[PDB]
Structures are given as C-alpha cells and as structure tokens.
Amino acid sequence: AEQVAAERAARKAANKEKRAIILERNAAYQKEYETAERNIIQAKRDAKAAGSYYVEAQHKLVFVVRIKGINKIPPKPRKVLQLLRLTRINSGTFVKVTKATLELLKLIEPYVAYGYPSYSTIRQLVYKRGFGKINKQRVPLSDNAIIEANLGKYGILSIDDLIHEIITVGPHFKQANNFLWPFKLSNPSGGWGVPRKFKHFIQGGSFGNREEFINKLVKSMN
Amino acid sequence: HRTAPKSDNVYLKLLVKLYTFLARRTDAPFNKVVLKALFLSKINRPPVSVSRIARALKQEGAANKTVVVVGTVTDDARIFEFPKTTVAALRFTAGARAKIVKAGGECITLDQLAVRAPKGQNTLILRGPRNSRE
Amino acid sequence: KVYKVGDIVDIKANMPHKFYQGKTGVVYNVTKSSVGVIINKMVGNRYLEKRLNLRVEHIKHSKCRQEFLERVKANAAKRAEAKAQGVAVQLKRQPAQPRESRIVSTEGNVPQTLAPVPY
RNA sequence: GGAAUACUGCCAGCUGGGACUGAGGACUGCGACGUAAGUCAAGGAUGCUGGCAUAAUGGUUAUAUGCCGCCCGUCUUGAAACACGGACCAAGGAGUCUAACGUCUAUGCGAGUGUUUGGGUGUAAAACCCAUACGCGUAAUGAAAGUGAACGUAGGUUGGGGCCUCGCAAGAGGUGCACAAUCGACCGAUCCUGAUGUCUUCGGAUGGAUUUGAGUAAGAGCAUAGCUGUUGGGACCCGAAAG
RNA sequence: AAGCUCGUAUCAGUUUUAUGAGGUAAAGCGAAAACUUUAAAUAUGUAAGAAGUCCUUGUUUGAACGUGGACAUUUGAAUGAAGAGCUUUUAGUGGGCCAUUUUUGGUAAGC
RNA sequence: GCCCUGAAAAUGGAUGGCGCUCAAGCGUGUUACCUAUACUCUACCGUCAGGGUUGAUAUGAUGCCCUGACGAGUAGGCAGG
C-alpha cells in the first residue's frame, strides 16, 4: 500500500485553493449587494431633491408557504399545489415572478401565505433548513463538496453561490431551485395573530399576499 | 423484471452467483443481458436449433465469433454441412452435441465462456423463436 | 369556402335547440347538402367521440394553426442568420416579465388629489 | 435653526436562567487556533463525588383516586335506532374427494415424447428390467372428389438488445437475435384463360384478378408434480311442503 | 398481480400565448340610441416542431403527390416528473342519501 | 341600533348547569394565555427504494453494511409465520 504522503500533501494543497476562490467570490458578492442598496437609497433621495418620483422594480421572487390542510380542496386548486411542490402543510418554496406564475399564485390564494423575501431570511433558511436532492434522498447540505459536485456545471461551487443565484434571479434559477428540496417549516413560535386564519390578510386574516411581513412570519416559523 | 430464479437447481444458483459478480464489477453490457436471461421461466427460453446457428455464422464478419445461447440447443436433420465453431449453452441435446463435436467444433458451458471472455468479447448471442406458438 | 375530408372547422350558428357553439373538430365526411364533424366529449373522465352532422353555412375554417407556421418560418429566417454569423439569437419565447425602475416627472403634471363622493 | 427620541429593519454583537435528549463505538473527512511540535466546542458524552447492595429501584397483583369507555354477532350501506340469536359449561361441528378441459410455475428428454394393458424378476401389493402396438406433435385447405408449401445469401425497406472497427471521450461506421410495420414469393378454396396430345371427349400446359386461412416462409412438443379456474357428481353446513 | 414485449424527455384535472365562442357595455366615442370600429373576464374548444424547414419538380404552376441533399440539440413558452399503451383472466361491484354551483319548470307553501 | 308586544296549551325542567346586570349579554379594536393521533426535532419497529461487499480464513450471499422517503382501511388480493 503505497501513496502514503504524496496524496495527503496534494489533497491538502488542492483544498487550500478552492478555499481562496470561495473567499474571493463572497467578498465580491458582499460589495455588490451593499452597492446596489446604497444606490437605490440615493436615487430616491435624488428624485425627492429634484421634485419628482422614483419608482422601483417590481419584485422578481416570491416565497410561498402552504397554510391550510389537505381536505376539501377542489381539483384545480389541488393540482397547482402539486406543481408548486407544496405537498404538506407548513411547506414552502421560492417562485419566480412572471405573468405565467402570477396566475398560479392567484389560483391557490385561499391556501397560502406568500410574499417578497429578503437576504437575511433567504440566508437563514438555507443555512438552517437547507437540504439538497442528490439522485433522490433529501441530503443535508452541511458541506461545500456536496454542492459543488452536484451543481457545479453551472458555476456554482459553494453555498453563498446558491444563495446568490436565488436572491438575484440569474440564468440558472430553475436548476438551482429544483436542487433545493421544499422547506419543511414548523408552526410559528409566537402564534399567528388573527383569531381565525382563513380570511384575507388585508381583511384581518393570514392567506393572500402580505409583501413584506413574510419575513416576520418565516423568521419565527423557521 | 426479476431478481432471483424460481428454480431450485443449486448449479443454476451457482451460475447466478458468478454472473452477478461479473455484472457488478465489470461494466460491460454483456453480463447484464446474460444475468437477466438466467431468470426467465421455461416458456420464455425457446430452444435454439443447430441450423439457426449455421444461418447466423454466414453473416459477413462472423468467422471466429463465439456463439452463445442461454437456453437449450437442439439438433436438426434438414441441414447437412456444418461449420467448425464453438458454442456455449446451458444444455446440448445428444444429437446437437454429437453433430457439433463431430464437425470438428467444441461444446462448452457458461462459466468456461465467462473465463474465456470475462466481458464477452468476440461473441454473439442467440434467441429462439418465441411466437411460432402460443 | 369548400371543405375537404380531414380539415378543421368550428361550429357557429347564426335558437334554443342545441349548444355546442364554439367547439373544434375534423371533417370526416362531406355530402352534397351538409358536412360531418366528430368531437371528443368528456364522458365523465373519458373522451368518447360524437359524430355530428352540421350544414354548410353553419361552419367555418379555423386559424388555430397559423401562428405556429408563421413562427416556424420566422425561426428559419433567424436560424439562417445565426448560421450566417456567430450570434446568440435566443429563439425561445418568454413569459411577460416584471417592470424595471423609472423616474416620473411632475413638471407639466402636478398630482391632483381627489376624494370619494357622497351618497 | 440645530439636535433628541419613538416606530420599523439589520448585525457571520455580547451575555445570564429553565427543560428534554446522549443514538454511534479503533483510525480515515471538512475545518479552526498556533513561528513551531501540537491543541480544539471540528463525521452523536465525558470527568469528579456520595449513598445502597436490598424488597431500596423495578415487574406482577388487589384496592382507592382523577379523567375516559353505550352489549357482543348478523341483516337492512339512514330516527340507525329497529328486527333476529345469546341462562351457564365441556366435547362434537361446516370450501372436501374425483372426472374432464384451460392459464401459470418447476423437472426430465427433446423432432420427439410417454416403463407400470401385459411380460421377466423379486429380499414379494415395494424395488429393478422389457418386445410389439397406440395416442399427441412434426401440414394445411375445401361442402366434396381431391390437391397439398424455396426465383433469390429463405427477400425487400424502416426500427432494433448485443457484438465488431475507428477513436480518450464524444461520436461515426459494420453486422444485426426476438418481436413489430409495410410491399412481395410459395400451398388450398374461388373467376378466367386452354399447349404437346387423345378410347371423341378425355388431359389440364401457361399466364392472369379479387378477397381469403390460428397455412409455409430452418420445427417446439410430449410426460410428471404443485398453485389455481370452469362444468358435472350430495359438492361449504343444517333447516320444507312431494310423486 | 399473474406476467412479457416497451421508462420511450415524453407526459399533465395546471398557467401563458395565437384563435374561436359566449356579447351581455359595464370600455365608449360616432354617420342623421343608431351600429361595429373594441375591451375585462366567466369556463369555455383547438393549437404551440424530427411523422419538421429549405433546395430540386415526375404524375391525377395553386390542390394533393414523388423525389435526390442540406437540418442539431437554450431543438423553438412556464411549472412539475418517471408509474401511459396492448395480451392473458381473475377477485369483488353494477343501481343511494346530504350539501354547494349552474339550468329548466313549477303553487297556499313546500318543491 | 338595542328593549317591550308582535299568540300557545296541558306529569316538573332546562343559553349543558350554577349563576350573571358600569355583565359572566350585544358591536368592535389591541394583546397575553390553554390545547389535537395536525406541524418541527430526536430515538426505536417494519415496508419500499437506491449504493457497497467473493477479499481469503471466519463463524449464515434467501447474508452483512451505508443512505433516504414512507405507515387509515370493508369486499377482495399477495407474503411470511
């Protein structure tokens, strides 16, 4: 049994380069995020100081959680919850926003809470409840080899790469997204508010679109 | 789809052992077919005549190809001349065995085939006529 | 308007008798005074065919397969160009997308406030 | 005019209290902290200390206390309750045997197959051995007389598990089993055509057009055993008026 | 299931696009309400590539029909994904209440 | 908008009961709390699915091992005991 030292030296040298690559990638992503945010703030200020109004871009990505149980659903609402991978209650997925998916989101509205997620909630979801589907089998991520050796043919080779591809809808949103097994949240820790859940969020319930409080919901349901 | 033979031939079970090992650790599409063929029931393994073999040996490029049948090889009387070849099978009946070994050839078993061709090289597999009957 | 066996047509009656009125099928016969269509009906959860016999003037040709052909020819053109040069051409369609950022201007347009009206 | 605070949001900021769990069993992996060997909270709990060694812990059991639970079986798929059976106990008590066909699986031999009506022998209703016959299969079709299966490498085209060749792959090319689709060839039935000729009416050469059949187009069957299906025998068991 | 030929990137109680159908104004505006110029849906059918495109043109130039090569997989919208099709036959079943959503017809009121 | 009348008999009785009047009633707003065989995390049993293992000598190859998702049921079906 030869190859007693050369292999250890070569592997320990090969990992020490991927580490630096990942360091650089993350250090650049951070600058990109903070620059975009500060730019949007300053643009709003410039419109105000010039006597005008600056409108933003419609949100590109929603997060959808299934709220109601599995009984007494008609078939057309029952099929969209399958095409969305929302098979059991308190399960969540991301969804790209287009005119083709918005109608889906409006067809199952009385059974979901959905909205617009932020960097912090995406990051917490992936770091705590992130599980990949590797040939099957809901594998916990827990490592970068797992992500790279199954999602690397699209330039994704770490976990911040995945979070980035999700938060800024890139070219491989579909592949990165179907990589992630649907999220299995728990009930909210502080409760729901709302004596009764099955009214519209506008009208004092839970289902529908809240557009910004999905973060306060999911950070506690997480 | 099958996973273990319904027969009780201990020798057939040894054959399945050997070819499962070969199918697992060789990665050649030959063993994967012969192991599957070693599971069929008797109505699904028609006998392959000794003249269908001669008919197959006339295809251009089949001079020294080893012909493999995974059932029974029966005799034939309507053919007169017979090439010089080597055939591997489960069983040869008396007439077919005599004809082959008299025309100069050789009659071998399946494990010896597996040792003369661990990946089934320069071979040619034959199947019998299924639906000449019901 | 002259129909052949196999073409596609839709039913359109120019009162209270029967209402398919907007389906689409294939001509399986053309007699002198009429034409005959078939229609796959959902019999619970199966598709069983009914053979209807319309008249001449109660049926018109269909344009439900013109856009496919026109788009295939436009794609032939685009791919001829994409072989004539090295070009990313992006033949696929795309679903309608969400808008981007903008800056409206209140120069000749001051926002006029309006409240709801009484009774 | 210059600050402050509130509400909303973020921190890979710090830091106390409580409860449940401790699966795995030599090493291997990804990391971190160190100039350094080494160390660690990093692929699942260890370290220190006390009491007891027995009815103390635990199992069984009787009762008490808190909450829960309408009498079993059957038949009507509901007031779903009605209605019918049940006093108690022991023993008995109901899909079995056969004949004839058919699917499926195992075994033997395989263009064959089948010893056991009978004969020979026997350590005697066992075991062993055997001649001639016979059935099914290897040829079909017409009402019948009757006739009765290769132009060719056993065919032509498309698809096709493998194998072969070139190649690292990726691919590309060759030959292609079973089976499928379509065009043809051969046998019988059917409509014509009608030769070298002959008991003067016999014979049916040759070339043709329809469909047709569980036809041919290098055989796949026979016997035994098991699980089962259908029909007939009293036929899952008891219970009734009759000629 | 008996079982064997086939998981074949093709399928789907879903949305989008093209287009028909409701045509009700409730877009919305008229040549003296008098439109059809045209929405937004409400569930309503069909279609969205390899059995496809071009070159070249022999028969009963446009109609079908034959022919000899070019055509590549971000190969022609979105979401999900491996459980559709023949043969054998083998077991049970073959007739009913409550509610909602349309539609028709109803009288003391039910229906 | 609340409140009274706006008909209804006959063994003694029913917002479930006691009782409740700036409510323990009615309309509404904001919070805190109780609680399912439902949701989350962990262990154990089985079933199904995907991978490894002939390497001798080692104790069983219808075995041994690693990973994952799952678990109602009458007529009826298949399997192990």
# chains A, B, ... in the order shown; residues from 1 in each chain; ligands from 1

$ interface_residues --of "chain E" --to "chain B" --cutoff "12 Å" --atoms "only C-alpha atoms (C1' of nucleotides)" --output "PyMOL selection string"
chain E and resi 3-5+87-88

$ select_by_dssp --residues "region 85-179 of chain A" --states "alpha helix (DSSP H)" --output "NGL selection string"
:A and (101-107 or 119-129 or 144-151 or 159-167 or 173-179)

$ write_last_selection --atoms "C-alpha atoms" --output "PDB file, in the first residue's frame"
ATOM      1  CA  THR A 101     -46.726  32.126 -12.473  1.00  0.00           C
ATOM      2  CA  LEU A 102     -48.749  35.018 -11.045  1.00  0.00           C
ATOM      3  CA  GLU A 103     -51.956  33.385 -12.259  1.00  0.00           C
ATOM      4  CA  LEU A 104     -50.924  30.198 -10.473  1.00  0.00           C
ATOM      5  CA  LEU A 105     -50.297  32.215  -7.315  1.00  0.00           C
ATOM      6  CA  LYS A 106     -53.762  33.738  -7.662  1.00  0.00           C
ATOM      7  CA  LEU A 107     -55.456  30.378  -8.248  1.00  0.00           C
ATOM      8  CA  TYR A 119     -31.400  38.490   2.001  1.00  0.00           C
ATOM      9  CA  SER A 120     -31.461  37.721   5.719  1.00  0.00           C
ATOM     10  CA  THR A 121     -34.408  35.331   5.526  1.00  0.00           C
ATOM     11  CA  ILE A 122     -33.103  33.561   2.419  1.00  0.00           C
ATOM     12  CA  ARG A 123     -29.752  33.164   4.164  1.00  0.00           C
ATOM     13  CA  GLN A 124     -31.255  31.836   7.388  1.00  0.00           C
ATOM     14  CA  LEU A 125     -33.491  29.393   5.510  1.00  0.00           C
ATOM     15  CA  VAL A 126     -30.586  27.964   3.540  1.00  0.00           C
ATOM     16  CA  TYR A 127     -28.186  27.765   6.480  1.00  0.00           C
ATOM     17  CA  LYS A 128     -30.647  26.071   8.818  1.00  0.00           C
ATOM     18  CA  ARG A 129     -33.166  24.086   6.742  1.00  0.00           C
ATOM     19  CA  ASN A 144     -19.363  22.503   0.051  1.00  0.00           C
ATOM     20  CA  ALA A 145     -18.327  19.280  -1.690  1.00  0.00           C
ATOM     21  CA  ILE A 146     -21.995  18.294  -1.717  1.00  0.00           C
ATOM     22  CA  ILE A 147     -22.999  21.480  -3.521  1.00  0.00           C
ATOM     23  CA  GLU A 148     -20.076  21.628  -5.950  1.00  0.00           C
ATOM     24  CA  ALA A 149     -20.081  18.005  -7.063  1.00  0.00           C
ATOM     25  CA  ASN A 150     -23.787  18.112  -7.978  1.00  0.00           C
ATOM     26  CA  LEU A 151     -24.389  21.721  -9.069  1.00  0.00           C
ATOM     27  CA  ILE A 159     -23.410  27.796  -0.634  1.00  0.00           C
ATOM     28  CA  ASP A 160     -23.256  31.577  -0.961  1.00  0.00           C
ATOM     29  CA  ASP A 161     -23.183  30.868  -4.694  1.00  0.00           C
ATOM     30  CA  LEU A 162     -26.553  29.159  -4.292  1.00  0.00           C
ATOM     31  CA  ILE A 163     -27.946  31.941  -2.107  1.00  0.00           C
ATOM     32  CA  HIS A 164     -26.810  34.454  -4.736  1.00  0.00           C
ATOM     33  CA  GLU A 165     -28.326  32.549  -7.659  1.00  0.00           C
ATOM     34  CA  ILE A 166     -31.589  32.525  -5.702  1.00  0.00           C
ATOM     35  CA  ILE A 167     -31.681  36.110  -4.447  1.00  0.00           C
ATOM     36  CA  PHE A 173     -32.577  29.826 -11.172  1.00  0.00           C
ATOM     37  CA  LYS A 174     -34.568  26.818 -12.365  1.00  0.00           C
ATOM     38  CA  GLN A 175     -31.773  24.300 -11.797  1.00  0.00           C
ATOM     39  CA  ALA A 176     -30.600  25.804  -8.514  1.00  0.00           C
ATOM     40  CA  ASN A 177     -34.208  25.939  -7.319  1.00  0.00           C
ATOM     41  CA  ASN A 178     -35.213  22.399  -8.181  1.00  0.00           C
ATOM     42  CA  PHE A 179     -32.000  21.358  -6.441  1.00  0.00           C
TER      43      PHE A 179
END

$ closest_atom_pairs --of "chain B" --to "chain F" --cutoff "10 Å" --atoms "only C-alpha atoms (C1' of nucleotides)" --output "tab-separated table"
residue	atom	partner	partner_atom	distance
B:4	CA	F:62	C1'	9.0
B:17	CA	F:61	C1'	8.4
B:18	CA	F:54	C1'	9.3
B:21	CA	F:54	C1'	8.0

$ residues_around --residues "residue 118 (chain B)" --least-positions-apart "6" --cutoff "10 Å" --atoms "only C-alpha atoms (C1' of nucleotides)" --output "VMD selection string"
chain B and resid 19 22 to 23 26 28 30 to 31 111 to 112

$ select_by_dssp --residues "region 2-133 of chain B" --states "strand (DSSP E or B)" --output "ChimeraX atom specification"
/B:48,66-69,72-73,86-88,91-92,106-108,123-126

$ closest_atom_pairs --of "chain A" --to "chain E" --cutoff "9 Å" --atoms "only C-alpha atoms (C1' of nucleotides)" --output "tab-separated table"
residue	atom	partner	partner_atom	distance
A:75	CA	E:13	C1'	6.1
A:76	CA	E:13	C1'	6.6
A:77	CA	E:14	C1'	8.7
A:78	CA	E:13	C1'	8.9
A:79	CA	E:14	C1'	6.0
A:80	CA	E:14	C1'	5.6
A:82	CA	E:80	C1'	7.4
A:83	CA	E:80	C1'	4.8
A:84	CA	E:79	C1'	7.0
A:85	CA	E:80	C1'	7.5
A:98	CA	E:78	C1'	8.7
A:99	CA	E:16	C1'	7.1
A:100	CA	E:16	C1'	5.0
A:101	CA	E:15	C1'	6.6
A:102	CA	E:15	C1'	8.4
A:103	CA	E:15	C1'	6.2
A:104	CA	E:15	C1'	5.9

$ write_last_selection --atoms "N, CA and C atoms" --output "short mmCIF file (atom, residue, chain, number, x, y, z; two decimals), in the first residue's frame"
data_model
loop_
_atom_site.label_atom_id
_atom_site.label_comp_id
_atom_site.auth_asym_id
_atom_site.auth_seq_id
_atom_site.Cartn_x
_atom_site.Cartn_y
_atom_site.Cartn_z
N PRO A 75 -60.30 20.26 -7.46
CA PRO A 75 -59.16 19.73 -8.23
C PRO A 75 -58.24 20.78 -8.82
N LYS A 76 -58.75 21.90 -9.29
CA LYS A 76 -57.84 22.83 -9.93
C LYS A 76 -56.94 23.51 -8.89
N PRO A 77 -57.44 23.92 -7.73
CA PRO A 77 -56.52 24.29 -6.65
C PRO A 77 -55.66 23.13 -6.18
N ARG A 78 -56.13 21.89 -6.32
CA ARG A 78 -55.36 20.74 -5.85
C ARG A 78 -54.19 20.39 -6.76
N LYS A 79 -54.25 20.77 -8.03
CA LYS A 79 -53.15 20.49 -8.95
C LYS A 79 -52.05 21.55 -8.92
N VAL A 80 -52.40 22.81 -8.65
CA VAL A 80 -51.38 23.84 -8.58
C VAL A 80 -50.50 23.64 -7.35
N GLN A 82 -49.60 20.86 -6.30
CA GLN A 82 -48.65 19.81 -6.65
C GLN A 82 -47.58 20.33 -7.59
N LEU A 83 -47.96 21.13 -8.58
CA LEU A 83 -46.95 21.70 -9.47
C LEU A 83 -46.06 22.70 -8.76
N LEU A 84 -46.46 23.19 -7.59
CA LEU A 84 -45.60 24.05 -6.79
C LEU A 84 -44.78 23.29 -5.76
N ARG A 85 -44.95 21.97 -5.67
CA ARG A 85 -44.25 21.13 -4.70
C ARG A 85 -44.67 21.43 -3.26
N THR A 98 -43.50 35.89 -12.92
CA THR A 98 -43.82 36.21 -14.30
C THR A 98 -45.33 36.24 -14.44
N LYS A 99 -45.79 36.68 -15.61
CA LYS A 99 -47.22 36.67 -15.88
C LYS A 99 -47.76 35.25 -15.99
N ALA A 100 -46.88 34.26 -16.10
CA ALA A 100 -47.33 32.88 -16.18
C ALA A 100 -47.45 32.23 -14.80
N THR A 101 -46.64 32.66 -13.83
CA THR A 101 -46.73 32.13 -12.47
C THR A 101 -47.62 32.95 -11.55
N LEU A 102 -47.88 34.21 -11.89
CA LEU A 102 -48.75 35.02 -11.04
C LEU A 102 -50.18 34.49 -11.06
N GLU A 103 -50.62 33.97 -12.20
CA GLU A 103 -51.96 33.39 -12.26
C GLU A 103 -52.04 32.13 -11.40
N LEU A 104 -50.99 31.32 -11.40
CA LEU A 104 -50.92 30.20 -10.47
C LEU A 104 -51.04 30.68 -9.04
#

$ closest_residue --among "C:118, C:95, C:6, C:36" --to "chain A" --atoms "only C-alpha atoms"
C:95

$ atom_distance --atom1 "CA of residue 80 (chain C)" --atom2 "CA of residue 96 (chain C)"
26.7 Å

$ interface_residues --of "chain C" --to "chain E" --cutoff "10 Å" --atoms "only C-alpha atoms (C1' of nucleotides)" --output "tab-separated table (two decimals) with N, CA, C and O atoms, in the first residue's frame"
chain	number	residue	atom	x	y	z
C	8	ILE	N	-60.09	21.17	-40.52
C	8	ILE	CA	-60.52	21.57	-39.19
C	8	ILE	C	-61.46	22.76	-39.31
C	8	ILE	O	-61.20	23.67	-40.11
C	9	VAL	N	-62.52	22.77	-38.52
C	9	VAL	CA	-63.54	23.81	-38.57
C	9	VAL	C	-64.14	23.98	-37.19
C	9	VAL	O	-64.00	23.12	-36.31
C	10	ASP	N	-64.83	25.09	-36.99
C	10	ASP	CA	-65.53	25.38	-35.75
C	10	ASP	C	-67.00	25.66	-36.03
C	10	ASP	O	-67.36	26.15	-37.10
C	11	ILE	N	-67.84	25.34	-35.05
C	11	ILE	CA	-69.29	25.44	-35.21
C	11	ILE	C	-69.75	26.81	-34.76
C	11	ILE	O	-69.39	27.27	-33.67
C	12	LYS	N	-70.57	27.46	-35.59
C	12	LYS	CA	-71.03	28.82	-35.30
C	12	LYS	C	-72.40	29.00	-35.94
C	12	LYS	O	-72.50	29.14	-37.16
C	20	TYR	N	-73.52	23.31	-28.87
C	20	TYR	CA	-72.07	23.14	-28.86
C	20	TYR	C	-71.40	24.49	-29.06
C	20	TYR	O	-70.72	25.01	-28.17
C	21	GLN	N	-71.63	25.09	-30.23
C	21	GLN	CA	-71.46	26.52	-30.46
C	21	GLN	C	-70.08	27.02	-30.00
C	21	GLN	O	-69.94	27.77	-29.03
C	22	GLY	N	-69.06	26.58	-30.71
C	22	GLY	CA	-67.73	27.05	-30.41
C	22	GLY	C	-66.74	25.95	-30.08
C	22	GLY	O	-65.75	26.18	-29.39
C	23	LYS	N	-67.01	24.75	-30.57
C	23	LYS	CA	-66.08	23.64	-30.44
C	23	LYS	C	-65.23	23.56	-31.71
C	23	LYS	O	-65.27	24.45	-32.56
C	24	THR	N	-64.44	22.50	-31.84
C	24	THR	CA	-63.50	22.40	-32.95
C	24	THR	C	-63.21	20.94	-33.23
C	24	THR	O	-62.80	20.20	-32.33
C	25	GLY	N	-63.43	20.52	-34.48
C	25	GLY	CA	-63.25	19.13	-34.85
C	25	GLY	C	-62.75	18.92	-36.26
C	25	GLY	O	-62.34	19.87	-36.94
C	39	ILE	N	-66.36	15.04	-32.58
C	39	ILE	CA	-65.99	15.85	-31.43
C	39	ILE	C	-65.76	14.93	-30.24
C	39	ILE	O	-66.63	14.13	-29.90
C	45	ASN	N	-64.81	11.00	-17.23
C	45	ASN	CA	-63.36	11.13	-17.29
C	45	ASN	C	-62.79	10.34	-18.46
C	45	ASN	O	-61.66	9.84	-18.39
C	62	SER	N	-60.76	27.38	-39.65
C	62	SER	CA	-60.13	27.80	-38.41
C	62	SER	C	-58.72	28.32	-38.67
C	62	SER	O	-58.04	27.88	-39.60
C	63	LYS	N	-58.30	29.26	-37.84
C	63	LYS	CA	-56.96	29.82	-37.88
C	63	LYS	C	-56.18	29.48	-36.62
C	63	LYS	O	-55.30	30.23	-36.20
C	64	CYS	N	-56.50	28.34	-36.00
C	64	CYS	CA	-55.82	27.94	-34.77
C	64	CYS	C	-54.44	27.34	-35.02
C	64	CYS	O	-53.81	26.88	-34.06
C	65	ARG	N	-53.96	27.33	-36.26
C	65	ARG	CA	-52.64	26.78	-36.55
C	65	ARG	C	-51.90	27.64	-37.57
C	65	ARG	O	-51.09	27.14	-38.35
C	66	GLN	N	-52.17	28.95	-37.57
C	66	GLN	CA	-51.44	29.88	-38.42
C	66	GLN	C	-50.20	30.44	-37.74
C	66	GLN	O	-49.17	30.64	-38.40
C	67	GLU	N	-50.29	30.71	-36.44
C	67	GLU	CA	-49.17	31.32	-35.74
C	67	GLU	C	-48.00	30.36	-35.63
C	67	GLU	O	-46.84	30.77	-35.72
C	68	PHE	N	-48.28	29.07	-35.45
C	68	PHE	CA	-47.21	28.08	-35.41
C	68	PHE	C	-46.41	28.11	-36.71
C	68	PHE	O	-45.17	28.16	-36.67
C	69	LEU	N	-47.09	28.10	-37.85
C	69	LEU	CA	-46.39	28.11	-39.13
C	69	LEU	C	-45.62	29.40	-39.34
C	69	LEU	O	-44.45	29.38	-39.75
C	71	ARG	N	-44.41	31.35	-37.13
C	71	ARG	CA	-43.27	31.39	-36.24
C	71	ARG	C	-42.17	30.43	-36.68
C	71	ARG	O	-40.99	30.73	-36.51
C	72	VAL	N	-42.54	29.29	-37.27
C	72	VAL	CA	-41.51	28.39	-37.78
C	72	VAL	C	-40.77	29.03	-38.94
C	72	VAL	O	-39.55	28.87	-39.08
C	73	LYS	N	-41.48	29.78	-39.79
C	73	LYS	CA	-40.78	30.46	-40.88
C	73	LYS	C	-39.90	31.59	-40.36
C	73	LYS	O	-38.76	31.75	-40.83
C	75	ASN	N	-38.49	31.56	-37.58
C	75	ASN	CA	-37.38	30.88	-36.94
C	75	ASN	C	-36.38	30.36	-37.97
C	75	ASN	O	-35.17	30.37	-37.73
C	76	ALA	N	-36.88	29.90	-39.12
C	76	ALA	CA	-35.99	29.56	-40.22
C	76	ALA	C	-35.14	30.76	-40.61
C	76	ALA	O	-33.93	30.64	-40.79
C	88	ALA	N	-25.66	34.88	-30.73
C	88	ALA	CA	-26.69	34.42	-29.81
C	88	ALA	C	-28.02	35.01	-30.27
C	88	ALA	O	-28.17	36.23	-30.33
C	89	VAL	N	-28.98	34.14	-30.59
C	89	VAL	CA	-30.20	34.57	-31.24
C	89	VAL	C	-31.44	34.41	-30.36
C	89	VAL	O	-32.39	35.17	-30.52
C	90	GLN	N	-31.44	33.45	-29.43
C	90	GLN	CA	-32.48	33.33	-28.41
C	90	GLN	C	-33.87	33.20	-29.05
C	90	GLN	O	-34.73	34.07	-28.94
C	91	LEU	N	-34.05	32.08	-29.75
C	91	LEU	CA	-35.30	31.83	-30.45
C	91	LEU	C	-36.49	31.66	-29.51
C	91	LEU	O	-37.61	32.05	-29.88
C	92	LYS	N	-36.28	31.10	-28.33
C	92	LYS	CA	-37.38	30.78	-27.42
C	92	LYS	C	-38.20	32.02	-27.08
C	92	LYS	O	-37.69	33.14	-27.04
C	93	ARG	N	-39.49	31.81	-26.85
C	93	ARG	CA	-40.33	32.87	-26.33
C	93	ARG	C	-40.07	33.06	-24.84
C	93	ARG	O	-39.29	32.33	-24.22
C	94	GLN	N	-40.73	34.06	-24.26
C	94	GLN	CA	-40.54	34.35	-22.85
C	94	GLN	C	-41.86	34.85	-22.28
C	94	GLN	O	-42.55	35.63	-22.94
C	95	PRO	N	-42.22	34.44	-21.07
C	95	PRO	CA	-43.44	34.96	-20.45
C	95	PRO	C	-43.24	36.41	-20.04
C	95	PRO	O	-42.12	36.85	-19.78
C	96	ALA	N	-44.34	37.15	-20.01
C	96	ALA	CA	-44.27	38.57	-19.68
C	96	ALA	C	-43.56	38.78	-18.34
C	96	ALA	O	-43.77	38.01	-17.40

$ interface_residues --of "chain D" --to "chain A" --cutoff "12 Å" --atoms "only C-alpha atoms (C1' of nucleotides)" --output "list in words"
residues 8, 9, 10, 11, 12, 28, 29, 30, 31 and 43 of chain D

$ atom_distance --atom1 "CA of residue 193 (chain A)" --atom2 "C1' of residue 27 (chain F)"
20.9 Å

$ atom_distance --atom1 "CA of residue 138 (chain A)" --atom2 "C1' of residue 70 (chain F)"
13.3 Å

$ closest_residue --among "D:76, D:212, D:230, D:5" --to "residue 101 (chain D)" --atoms "only C-alpha atoms (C1' of nucleotides)"
D:230

$ residues_around --residues "region 49-59 of chain A" --least-positions-apart "3" --cutoff "10 Å" --atoms "only C-alpha atoms (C1' of nucleotides)" --output "PyMOL selection string"
(chain A and resi 40+43-46+62+96-97+115-117+211) or (chain C and resi 97-107+110)

$ residues_around --residues "residue 50 (chain C)" --least-positions-apart "5" --cutoff "9 Å" --atoms "only C-alpha atoms (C1' of nucleotides)" --output "PDB file with N, CA and C atoms, in the first residue's frame"
ATOM      1  N   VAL C  37     -68.772  16.301 -38.810  1.00  0.00           N
ATOM      2  CA  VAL C  37     -67.638  16.515 -37.924  1.00  0.00           C
ATOM      3  C   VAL C  37     -67.716  15.492 -36.797  1.00  0.00           C
ATOM      4  N   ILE C  38     -66.582  15.273 -36.137  1.00  0.00           N
ATOM      5  CA  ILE C  38     -66.546  14.479 -34.921  1.00  0.00           C
ATOM      6  C   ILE C  38     -65.970  15.349 -33.815  1.00  0.00           C
ATOM      7  N   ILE C  39     -66.359  15.039 -32.583  1.00  0.00           N
ATOM      8  CA  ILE C  39     -65.986  15.851 -31.434  1.00  0.00           C
ATOM      9  C   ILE C  39     -65.762  14.933 -30.243  1.00  0.00           C
ATOM     10  N   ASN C  40     -64.594  15.041 -29.617  1.00  0.00           N
ATOM     11  CA  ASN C  40     -64.283  14.238 -28.441  1.00  0.00           C
ATOM     12  C   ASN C  40     -64.910  14.879 -27.210  1.00  0.00           C
ATOM     13  N   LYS C  41     -65.901  14.213 -26.623  1.00  0.00           N
ATOM     14  CA  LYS C  41     -66.587  14.708 -25.442  1.00  0.00           C
ATOM     15  C   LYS C  41     -66.100  13.975 -24.199  1.00  0.00           C
TER      16      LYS C  41
END

$ interface_residues --of "chain F" --to "chain A" --cutoff "7 Å" --atoms "only C-alpha atoms (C1' of nucleotides)" --output "ChimeraX atom specification"
/F:39-40,68-69
